[PDB]
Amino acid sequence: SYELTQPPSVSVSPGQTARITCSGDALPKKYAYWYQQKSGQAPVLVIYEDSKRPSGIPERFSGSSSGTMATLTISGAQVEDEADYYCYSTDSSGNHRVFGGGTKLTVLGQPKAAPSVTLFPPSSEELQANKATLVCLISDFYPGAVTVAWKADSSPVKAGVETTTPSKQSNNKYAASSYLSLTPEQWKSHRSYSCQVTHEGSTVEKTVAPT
């Protein structure tokens, strides 16, 4: 019911300052808390009561909160700081413990690399079977975070979009895929459909048409 909103991802160069925000309606009357979860490990408390460090936590970690927002700041990011960060608070009633959706923090550790994007139209066979799937294949990207938007002609498509989490490839880069399900009618009635992949502020779009 009650939600805490965080940016899905943040990139930072080693030694630079990373900021992760957390937005929630009850935060004006409630404390915020931050947890770090490295790959394959249990979470660890790094900030409590908006801005306090538990014993043992490095001083490069700091927090602040005002109104409906709390901010986790890491001043001088180390590679070992690469992890997912969750903000935590209770709902207004104080009956529910809620985490934000979490923020994936990449501390850049290999060459950046734009994603390659391959888009396939529905096959004759599938159409001939009264179904239609667009396949957007996204590979060789780093950092491992991407957002995928879809377009019908020039309009946003949101329903029927299914998109995986990025996976580490054999070469330490990342891959992901997005599927758009349509009725054959929907597909044949537009001049084109487009897959838009956003990576580190830049966007690559591939489009296909019923031809």
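Residue numbers run from 1 along the displayed sequence.
The PDB entry records a higher mean C-alpha B factor for 182-190 than for its counterpart among 57-65 and 182-190. Here the stretch with the larger average CA B-factor, out of 39-47 and 158-166, is 158-166. For the set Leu72, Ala77, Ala113, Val117, the PDB entry puts the maximum C-alpha B factor at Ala113. Looking only at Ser139, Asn130, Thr103, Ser93, the residue with the top Cα B factor in the deposited structure is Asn130. Split the chain's modelled residues into thirds by C-alpha temperature factor. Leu27 is in the lowest one. In the PDB entry, a CA B factor belonging to the middle third of its chain's modelled residues is recorded for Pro8.
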